[PDB]
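Enquirer: Sharing a structure with you now.
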Number of protein chains: 8
Amino acid sequence: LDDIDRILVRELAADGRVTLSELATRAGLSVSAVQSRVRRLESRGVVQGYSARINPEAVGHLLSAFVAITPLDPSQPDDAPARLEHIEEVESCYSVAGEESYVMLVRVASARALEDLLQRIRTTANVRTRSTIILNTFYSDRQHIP
Amino acid sequence: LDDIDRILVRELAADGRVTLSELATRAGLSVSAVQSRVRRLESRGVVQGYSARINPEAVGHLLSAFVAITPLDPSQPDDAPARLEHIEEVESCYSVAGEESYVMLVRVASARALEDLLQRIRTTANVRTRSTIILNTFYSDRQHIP
Amino acid sequence: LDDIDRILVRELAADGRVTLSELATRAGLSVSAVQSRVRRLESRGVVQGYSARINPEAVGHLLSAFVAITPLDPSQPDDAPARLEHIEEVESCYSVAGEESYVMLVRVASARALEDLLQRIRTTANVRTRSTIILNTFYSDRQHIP
Amino acid sequence: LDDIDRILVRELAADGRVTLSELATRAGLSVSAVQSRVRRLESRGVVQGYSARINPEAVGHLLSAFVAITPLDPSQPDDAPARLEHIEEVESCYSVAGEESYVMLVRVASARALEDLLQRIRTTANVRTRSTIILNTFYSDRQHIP
Amino acid sequence: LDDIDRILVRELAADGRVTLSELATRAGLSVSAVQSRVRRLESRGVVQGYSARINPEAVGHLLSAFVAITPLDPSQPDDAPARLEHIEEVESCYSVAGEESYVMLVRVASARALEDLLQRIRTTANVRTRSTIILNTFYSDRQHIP
Amino acid sequence: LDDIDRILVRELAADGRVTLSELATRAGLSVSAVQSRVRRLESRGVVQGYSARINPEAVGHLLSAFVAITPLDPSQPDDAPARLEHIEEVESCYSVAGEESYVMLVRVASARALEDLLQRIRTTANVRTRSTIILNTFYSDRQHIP
Amino acid sequence: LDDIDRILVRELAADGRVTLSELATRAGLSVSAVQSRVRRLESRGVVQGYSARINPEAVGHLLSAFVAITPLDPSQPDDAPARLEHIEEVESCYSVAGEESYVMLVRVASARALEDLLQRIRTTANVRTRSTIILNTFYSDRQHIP
Amino acid sequence: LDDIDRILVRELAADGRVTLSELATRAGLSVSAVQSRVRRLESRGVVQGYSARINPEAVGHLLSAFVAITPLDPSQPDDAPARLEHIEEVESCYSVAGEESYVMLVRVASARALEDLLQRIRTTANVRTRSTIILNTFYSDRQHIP
């Protein structure tokens with residue numbers, strides 16, 4: 001990323017609401033040159049989205065957990081993340097090295113809800129489920145723009 | 001959260017850039033009302049931030065990982081998340097049930113950088129470190145607003 | 001649970017032998033009004049039972065164990081607790097977060113009855129079994145009513 | 001435990017509210033002879049108590065957990081159960097064979113009270129702590145008298 | 001075991017070769033009595049055998065190991081010790097609590113031989129195998145007769 | 001071992017009571033040549049002893065366990081087996097590869113006895129203790145003379 | 001080996017490039033008889049190869065890992081090494097004692113290529129897979145000729 | 001590397017013994033300029049060495065193992081690889097992600113020598129040690145030049 005893009009990325013990561021005019025002033029660009037650079041940052045996938053961060057608990061998600069899953073049949077391509085991505089309670093899904101194949105961050109209303117979610121996940125994608133429950137989120141979603 | 005705050009939160013989650021005017025028509029209010037509710041939602045910590053979400057790889061973060069940490073002396077209050085908070089490579093920090101005390105999502109430039117970070121974490125919070133490297137992110141930060 | 005139900009519950013927890021007449025006095029109620037409260041507390045599963053607690057060792061159960069079970073086919077609802085509940089040696093059965101799906105407190109005459117019980121559990125509910133043997137009970141059955 | 005003590009124990013286990021007069025009738029005894037048997041059963045820790053069992057959830061304990069603890073300095077007697085027994089959230093405490101030294105059943109208001117309880121346990125008794133969170137109790141407190 | 005059987009067992013444990021006459025003076029009986037008690041102790045399974053203890057290394061057993069096994073289908077009665085009994089490299093076989101179902105002490109000529117044995121065990125009893133290699137035997141078969 | 005020694009070792013391992021005359025006949029030797037060969041087998045440590053195998057349970061050892069121990073300070077030579085060999089309840093002690101440093105087979109009268117033994121072991125040799133309890137011994141002490 | 005091979009191997013271990021002639025003078029022997037000894041060491045498998053060691057990183061292998069594999073049905077001869085031999089990213093393959101059956105050192109271009117390779121390995125040999133990613137290699141390939 | 005180094009490395013990886021002259025003709029270049037490129041590949045660390053690979057077994061290394069080590073105080077820079085570098089039985093040393101900090105491939109004469117070596121490693125670098133013994137190496141040192 002060139003110097004200008006870095007400035008733009010910095011600013012957007014600091015606050016996604018920063019305006020084209022604000023960005024233009026800060027990067028030393030005209031508004032049209034910024035709007036072009038931002039659009040390109042978005043289409044190259046550098047900027048992924050602008051969703052406001054919402055407190056999960058405030059919307060009823062009183063329980064969150066990391067869920068580690070393992071294909072019940074590891075010898076075939078499991079396609080677990082595609083098979084599960086319609087599940088709204090799954091906030092994220094990663095393949096990982098180690099004992100399990102994927103880790104997912106999951107949010108539910110209650111313990112009972114979690115248990116139900118786990119069963120739905122296991123049947124939907126034919127996987128086993130290991131749950132690590134979160135007691136508290138100290139901080140999150142802190143991006144580091146070097 | 002009354003039905004109206006519900007819509008504001010929804011719209012904000014969909015796109016943090018949504019303007020006061022667009023919120024006013026979508027909600028059915030004035031922009032001064034919207035503005036006030038929104039400032040309220042922010043102060044109550046319901047709306048936590050507006051940072052744009054950046055592809056970590058685009059700014060040089062080629063290696064991501066979960067790091068589970070455990071204090072070397074569990075009998076003392078460790079204050080590990082507070083002690084590590086200034087470390088920018090730490091995106092998120094959770095206390096969890098189970099064997100380890102906290103799990104963190106960490107991003108770094110490379111394997112070598114990861115090894116440096118792990119040592120810095122251990123020295124800074126007096127903890128042991130167990131790292132689960134992410135191979136791929138299939139999807140993430142998918143906030144569910146029921 | 002209102003203030004009066006709390007007094008009743010806190011009285012019954014201290015000793016399940018407190019008479020309805022003693023409850024009424026203590027709670028500020030007529031005896032016919034306590035009667036109807038208590039019946040409602042029972043049918044609402046708040047008050048679960050009045051069994052006097054008996055030392056399991058004193059009646060032949062010289063070996064107790066925690067048994068963690070994990071369904072062999074996670075892809076399907078196992079209904080393990082329901083499949084196992086006629087097994088009288090099982091004093092309690094909880095679903096849990098983590099590697100295993102359920103933990104049970106189990107009471108048996110000997111190590112060898114333990115071994116038989118384990119197999120009967122595994123065959124009955126199609127699960128694997130991992131047992132943690134209890135060496136001593138220092139205290140138990142302590143109910144705290146805040 | 002003779003045949004008559006067995007009848008008494010089996011009667012008290014079914015319902016701790018059975019009167020001495022009912023016990024005598026059922027056991028074949030005078031009421032003064034049952035009285036002295038029952039007193040002896042109590043002081044011998046055979047009959048441990050008469051508490052009515054209360055649903056922990058119904059009284060604010062919306063999170064239960066099993067907590068496995070392991071002394072930080074195994075070379076010395078830890079007396080952990082004794083050091084922890086004034087902690088009212090601890091319903092039960094067992095020494096166990098295996099990796100950890102003790103397992104406790106613990107009841108708390110929330111995940112965050114759980115986190116506080118854990119630290120207080122670790123500091124009080126100088127142990128490490130590993131928790132397994134209970135999602136659902138299917139049945140418990142089932143006493144079997146052969 | 002009366003005091004006299006006690007002495008016989010003691011002497012036998014000290015040296016299986018002890019003769020009837022030596023037992024008679026040490027016990028304080030005739031040799032026909034001794035003889036009878038001894039045959040009794042053997043039949044009741046108290047005295048289990050008289051095999052001399054051989055250094056496994058001297059007969060070519062250069063590698064020893066504990067092997068913990070777990071049936072691949074825990075829901076079936078595995079009969080693993082019975083199924084493996086004819087395998088001569090298996091010196092001992094125990095059912096144990098915990099994760100694995102049985103632990104065995106096994107002796108073989110070499111590492112390669114160990115790998116062959118492990119496969120034979122797995123095929124024969126339909127189990128998985130987890131091997132803990134012995135590096136040194138400091139002392140063994142020390143029978144304590146109180 | 002030459003052909004004659006093998007015959008002698010075979011016989012002694014089959015039954016430690018076999019006489020010099022029996023051995024002489026079976027190996028084709030005179031009694032004096034056998035008594036010389038046996039004595040040499042003993043002093044070279046090929047024959048380790050002649051203790052009769054006694055049923056642990058018959059002498060009061062109702063509980064046996066494998067105990068895995070780890071020096072509390074692994075950086076210094078622990079000398080654990082020498083430090084513990086005066087403990088009569090320790091039947092055997094092995095250094096092993098894997099997570100723990102040694103495995104010992106242990107025999108005690110009861111669970112309470114075990115717990116006490118474990119503490120004594122931990123203090124005596126400054127080690128941590130992991131106990132795997134034996135539920136049943138299917139067979140043991142089966143030597144294999146190839 | 002003999003006194004003269006002990007030198008051929010020691011010298012060839014120093015660097016394979018050492019010429020027949022240099023070997024002769026160092027072995028006191030002759031260029032021909034020394035070249036037949038070397039031809040033999042090679043056929044005896046003592047000398048396994050002459051490859052120069054190349055930095056894997058320099059050739060685009062930026063991600064290395066140990067991969068522990070376990071047959072999905074351990075009850076049959078899995079033949080995994082042979083079945084996986086054709087896969088070039090596998091540098092080495094060992095059977096080991098412990099929980100997994102084999103470990104392999106593996107070299108790939110990227111985290112995404114590792115994820116692909118792992119799937120390829122699981123499918124080819126019908127195994128599950130647990131990877132330990134290398135962050136740095138401080139030294140390697142150091143053979144000690146005693 | 002460039003188009004010409006891609007061949008020097010590929011050829012040297014085939015067998016280090018390939019002479020300057022053979023390299024020239026295959027690189028289309030000259031014996032001198034080709035010998036300076038090779039001198040550079042060597043100083044660039046691309047070509048790390050020319051040792052012939054010797055069967056460790058053939059030189060009396062009958063016991064090989066992976067040794068995973070963890071600093072006993074992970075809160076400080078342990079410098080373990082460097083501190084252990086002088087130990088010749090260590091063939092390789094890697095930092096890894098996961099529970100332990102490093103794994104080393106180790107070669108010794110015997111189980112007893114391994115036990116000694118492990119102690120030596122723990123004392124030198126102040127670490128604990130977990131060994132995974134190799135039973136067989138099916139193939140090794142296979143470098144793939146893409």
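In the structure tokens, chains take letters A, B, ... by order of appearance, with residues numbered from 1 within each chain and ligands from 1 in the order shown.
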As a list in words, please: the residues near residue 85 in chain A (cut-off 12 Å, only C-alpha atoms, same-chain neighbours under 4 positions excluded).

Expert: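 The residues satisfying every condition are residues 79, 80, 81, 89, 90, 91, 92, 93, 94, 104, 106, 121, 124 and 125 of chain A; 138, 139, 140 and 142 of chain B.
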
Enquirer: Select from range 9-129 of chain A everything DSSP, run on the backbone, classes as helix (DSSP H, G or I), then give the selection as a PyMOL selection string.

Expert: chain A and resi 9-14+20-27+31-43+57-59+80-84+111-125

Enquirer: Taking 2 positions as the minimum chain separation for residues in the same chain, which residues sit within 12 Å of residue 33 in chain B when counting only C-alpha atoms? Answer as an MDAnalysis selection string.

Expert: chainID B and resid 4:5 8 20:21 23:25 27:31 35:40

Enquirer: Can you write just those residues out, N, CA, C and O atoms, as a tab-separated table (two decimals), in the first residue's frame?

Expert:
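Saved to result-v5.tsv:
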```tsv
chain	number	residue	atom	x	y	z
B	4	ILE	N	-37.76	0.90	18.41
B	4	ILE	CA	-37.13	1.97	17.63
B	4	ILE	C	-35.60	1.96	17.75
B	4	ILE	O	-34.89	2.03	16.75
B	5	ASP	N	-35.09	1.86	18.98
B	5	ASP	CA	-33.67	1.63	19.20
B	5	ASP	C	-33.22	0.37	18.44
B	5	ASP	O	-32.09	0.29	17.95
B	8	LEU	N	-32.53	1.29	14.88
B	8	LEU	CA	-31.31	2.08	14.81
B	8	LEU	C	-30.10	1.17	14.90
B	8	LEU	O	-29.16	1.27	14.10
B	20	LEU	N	-27.80	10.40	9.78
B	20	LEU	CA	-28.94	10.74	10.64
B	20	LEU	C	-30.27	10.82	9.86
B	20	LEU	O	-31.33	10.40	10.35
B	21	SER	N	-30.21	11.36	8.64
B	21	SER	CA	-31.40	11.49	7.80
B	21	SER	C	-31.94	10.14	7.39
B	21	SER	O	-33.15	9.92	7.41
B	23	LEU	N	-31.51	7.43	8.98
B	23	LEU	CA	-32.00	6.77	10.18
B	23	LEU	C	-33.38	7.32	10.52
B	23	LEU	O	-34.27	6.58	10.95
B	24	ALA	N	-33.55	8.62	10.30
B	24	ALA	CA	-34.82	9.28	10.57
B	24	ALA	C	-35.96	8.71	9.72
B	24	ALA	O	-37.05	8.46	10.24
B	25	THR	N	-35.73	8.50	8.42
B	25	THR	CA	-36.79	7.94	7.58
B	25	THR	C	-37.01	6.46	7.90
B	25	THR	O	-38.14	5.97	7.90
B	27	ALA	N	-36.43	4.97	10.73
B	27	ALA	CA	-36.97	4.84	12.07
B	27	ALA	C	-38.37	5.45	12.12
B	27	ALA	O	-39.29	4.86	12.68
B	28	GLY	N	-38.50	6.63	11.53
B	28	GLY	CA	-39.75	7.38	11.55
B	28	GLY	C	-39.69	8.52	12.55
B	28	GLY	O	-40.64	8.74	13.30
B	29	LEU	N	-38.57	9.24	12.57
B	29	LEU	CA	-38.39	10.31	13.54
B	29	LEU	C	-37.72	11.51	12.89
B	29	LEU	O	-37.53	11.54	11.68
B	30	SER	N	-37.36	12.50	13.71
B	30	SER	CA	-36.56	13.62	13.24
B	30	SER	C	-35.09	13.23	13.31
B	30	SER	O	-34.76	12.15	13.80
B	31	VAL	N	-34.20	14.09	12.83
B	31	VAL	CA	-32.78	13.78	12.93
B	31	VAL	C	-32.22	14.12	14.31
B	31	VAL	O	-31.23	13.54	14.74
B	35	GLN	N	-30.31	11.36	16.34
B	35	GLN	CA	-29.08	11.84	16.94
B	35	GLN	C	-29.00	11.59	18.45
B	35	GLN	O	-27.99	11.11	18.96
B	36	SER	N	-30.08	11.89	19.17
B	36	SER	CA	-30.08	11.76	20.62
B	36	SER	C	-30.07	10.30	21.06
B	36	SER	O	-29.27	9.91	21.92
B	37	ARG	N	-30.95	9.49	20.47
B	37	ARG	CA	-30.97	8.06	20.73
B	37	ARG	C	-29.61	7.44	20.43
B	37	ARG	O	-29.07	6.69	21.24
B	38	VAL	N	-29.06	7.76	19.25
B	38	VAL	CA	-27.78	7.23	18.84
B	38	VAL	C	-26.69	7.59	19.85
B	38	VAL	O	-25.94	6.72	20.29
B	39	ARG	N	-26.61	8.86	20.24
B	39	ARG	CA	-25.64	9.24	21.28
B	39	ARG	C	-25.90	8.46	22.58
B	39	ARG	O	-24.97	8.11	23.30
B	40	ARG	N	-27.17	8.16	22.84
B	40	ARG	CA	-27.54	7.39	24.02
B	40	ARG	C	-27.01	5.96	23.90
B	40	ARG	O	-26.30	5.49	24.78
```

Enquirer: Do you know which residues are at most 10 Å from residue 58 in chain C counting only C-alpha atoms, after dropping those on the same chain fewer than 3 positions away, and could you put them as a PyMOL selection string?

Expert: (chain C and resi 54-55+61-62) or (chain D and resi 1+6+9+41+44-47)

Enquirer: Restrict the calculation to only C-alpha atoms, then for each residue of chain F with any atom at most 12 Å from an atom of chain C give the closest atom pair and their distance in Å to one decimal, rows by chain and rising residue number, as a tab-separated table.

Expert:
```
residue	atom	partner	partner_atom	distance
F:62	CA	C:111	CA	9.6
F:63	CA	C:111	CA	8.8
F:64	CA	C:111	CA	10.5
F:65	CA	C:133	CA	11.4
F:110	CA	C:135	CA	8.7
F:111	CA	C:135	CA	5.0
F:112	CA	C:135	CA	6.3
F:113	CA	C:135	CA	9.2
F:114	CA	C:135	CA	8.1
F:115	CA	C:135	CA	7.0
F:116	CA	C:135	CA	10.4
F:118	CA	C:135	CA	11.5
F:130	CA	C:132	CA	11.8
F:131	CA	C:133	CA	9.8
F:132	CA	C:132	CA	9.1
F:133	CA	C:133	CA	7.8
F:134	CA	C:111	CA	8.1
F:135	CA	C:111	CA	5.1
F:136	CA	C:112	CA	6.7
F:137	CA	C:112	CA	10.3
F:138	CA	C:112	CA	11.6
```

Enquirer: Taking only C-alpha atoms into account, name the residue in B:141, B:127, B:98, B:67 that is nearest to residue 50 in chain A.

Expert: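 Comparing B:141, B:127, B:98, B:67 against residue 50 in chain A, the winner is B:141.
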
Enquirer: From a DSSP calculation on the backbone, collect every residue of chain A in strand (DSSP E or B) and output the set as number ranges by chain.

Expert: A: 47-49, 53-54, 63-71, 90-96, 102-108, 127-139

Enquirer: Would you save the residues from that selection as a short mmCIF file (atom, residue, chain, number, x, y, z; two decimals), in the first residue's frame, using N, CA and C atoms?

Expert:
```cif
data_model
loop_
_atom_site.label_atom_id
_atom_site.label_comp_id
_atom_site.auth_asym_id
_atom_site.auth_seq_id
_atom_site.Cartn_x
_atom_site.Cartn_y
_atom_site.Cartn_z
N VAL A 47 -10.65 -2.72 2.51
CA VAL A 47 -11.75 -2.38 3.41
C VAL A 47 -12.85 -3.44 3.24
N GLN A 48 -13.19 -4.12 4.33
CA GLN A 48 -14.10 -5.25 4.22
C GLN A 48 -15.57 -4.90 4.49
N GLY A 49 -15.79 -3.83 5.24
CA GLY A 49 -17.13 -3.41 5.60
C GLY A 49 -17.10 -2.24 6.56
N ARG A 53 -19.83 -1.63 15.44
CA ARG A 53 -19.69 -2.69 16.44
C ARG A 53 -20.81 -2.60 17.47
N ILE A 54 -21.64 -3.64 17.55
CA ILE A 54 -22.72 -3.71 18.53
C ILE A 54 -22.40 -4.69 19.67
N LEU A 63 -24.73 -15.19 26.03
CA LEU A 63 -23.73 -16.24 26.12
C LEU A 63 -22.95 -16.36 24.82
N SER A 64 -21.63 -16.28 24.90
CA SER A 64 -20.79 -16.48 23.73
C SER A 64 -19.79 -17.59 24.00
N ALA A 65 -19.36 -18.29 22.95
CA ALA A 65 -18.42 -19.38 23.13
C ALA A 65 -17.61 -19.57 21.88
N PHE A 66 -16.35 -19.95 22.04
CA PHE A 66 -15.58 -20.48 20.94
C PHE A 66 -15.96 -21.94 20.77
N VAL A 67 -16.30 -22.32 19.55
CA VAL A 67 -16.66 -23.69 19.27
C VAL A 67 -15.68 -24.31 18.30
N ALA A 68 -14.98 -25.33 18.77
CA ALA A 68 -14.02 -26.03 17.94
C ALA A 68 -14.70 -27.25 17.35
N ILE A 69 -14.59 -27.40 16.04
CA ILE A 69 -15.24 -28.53 15.38
C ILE A 69 -14.29 -29.40 14.56
N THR A 70 -14.64 -30.67 14.47
CA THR A 70 -13.84 -31.66 13.79
C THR A 70 -14.78 -32.51 12.94
N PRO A 71 -14.49 -32.62 11.64
CA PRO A 71 -15.32 -33.48 10.77
C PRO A 71 -15.47 -34.86 11.38
N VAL A 90 -23.41 -18.04 14.22
CA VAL A 90 -21.98 -18.14 13.95
C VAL A 90 -21.45 -16.80 13.44
N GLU A 91 -20.70 -16.12 14.30
CA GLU A 91 -20.15 -14.81 13.96
C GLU A 91 -18.90 -14.95 13.07
N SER A 92 -18.14 -16.02 13.26
CA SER A 92 -16.90 -16.19 12.50
C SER A 92 -16.53 -17.65 12.42
N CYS A 93 -15.72 -18.00 11.43
CA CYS A 93 -15.30 -19.39 11.25
C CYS A 93 -13.91 -19.44 10.63
N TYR A 94 -13.01 -20.16 11.29
CA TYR A 94 -11.60 -20.20 10.91
C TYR A 94 -11.18 -21.65 10.83
N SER A 95 -10.35 -22.00 9.85
CA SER A 95 -9.63 -23.26 9.90
C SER A 95 -8.39 -22.98 10.73
N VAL A 96 -7.97 -23.96 11.53
CA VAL A 96 -6.85 -23.78 12.44
C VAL A 96 -5.92 -24.98 12.37
N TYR A 102 -11.63 -26.54 12.80
CA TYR A 102 -12.08 -25.14 12.76
C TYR A 102 -12.41 -24.63 14.15
N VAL A 103 -12.35 -23.31 14.30
CA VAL A 103 -12.83 -22.63 15.49
C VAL A 103 -13.88 -21.62 15.05
N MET A 104 -14.98 -21.52 15.79
CA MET A 104 -16.00 -20.55 15.42
C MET A 104 -16.36 -19.79 16.67
N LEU A 105 -16.63 -18.50 16.52
CA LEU A 105 -17.18 -17.72 17.61
C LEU A 105 -18.68 -17.70 17.44
N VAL A 106 -19.37 -18.01 18.53
CA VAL A 106 -20.79 -18.33 18.53
C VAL A 106 -21.44 -17.47 19.62
N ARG A 107 -22.67 -17.00 19.38
CA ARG A 107 -23.44 -16.16 20.31
C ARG A 107 -24.87 -16.65 20.44
N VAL A 108 -25.34 -16.83 21.67
CA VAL A 108 -26.67 -17.39 21.87
C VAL A 108 -27.30 -16.71 23.06
N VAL A 127 -20.13 -32.93 12.25
CA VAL A 127 -18.89 -32.64 12.96
C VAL A 127 -19.15 -32.86 14.44
N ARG A 128 -18.07 -33.00 15.19
CA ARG A 128 -18.10 -32.98 16.63
C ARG A 128 -17.77 -31.55 17.09
N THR A 129 -18.21 -31.30 18.28
CA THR A 129 -18.27 -29.96 18.86
C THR A 129 -17.57 -29.86 20.17
N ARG A 130 -16.55 -29.05 20.30
CA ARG A 130 -15.95 -28.74 21.59
C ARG A 130 -16.18 -27.24 21.93
N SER A 131 -16.83 -26.91 23.04
CA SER A 131 -17.19 -25.56 23.38
C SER A 131 -16.33 -24.98 24.52
N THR A 132 -15.72 -23.83 24.26
CA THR A 132 -15.01 -23.07 25.28
C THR A 132 -15.81 -21.80 25.53
N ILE A 133 -16.45 -21.73 26.68
CA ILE A 133 -17.34 -20.64 27.00
C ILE A 133 -16.56 -19.40 27.44
N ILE A 134 -17.00 -18.24 26.95
CA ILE A 134 -16.42 -16.97 27.32
C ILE A 134 -17.10 -16.42 28.57
N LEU A 135 -16.29 -16.04 29.55
CA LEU A 135 -16.78 -15.49 30.80
C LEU A 135 -16.88 -13.95 30.70
N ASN A 136 -15.95 -13.36 29.96
CA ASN A 136 -15.93 -11.92 29.79
C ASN A 136 -15.11 -11.52 28.57
N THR A 137 -15.55 -10.49 27.88
CA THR A 137 -14.75 -9.95 26.80
C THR A 137 -14.09 -8.69 27.34
N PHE A 138 -12.77 -8.71 27.48
CA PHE A 138 -12.09 -7.53 28.04
C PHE A 138 -11.97 -6.43 26.99
N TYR A 139 -11.55 -6.80 25.79
CA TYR A 139 -11.61 -5.93 24.62
C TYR A 139 -11.70 -6.78 23.37
#
```

Enquirer: Can you list, as a list in words, every protein, DNA or RNA residue that comes within 8 Å of residue 145 in chain A when you count only C-alpha atoms, leaving out same-chain residues fewer than 4 positions away?

Expert: residues 9, 10 and 13 of chain A; 59 of chain B

Enquirer: Residues at most 7 Å from residue 15 in chain C, counting only C-alpha atoms, excluding those fewer than 4 positions away in the same chain, as a PyMOL selection string?

Expert: (chain C and resi 11) or (chain D and resi 50-52)
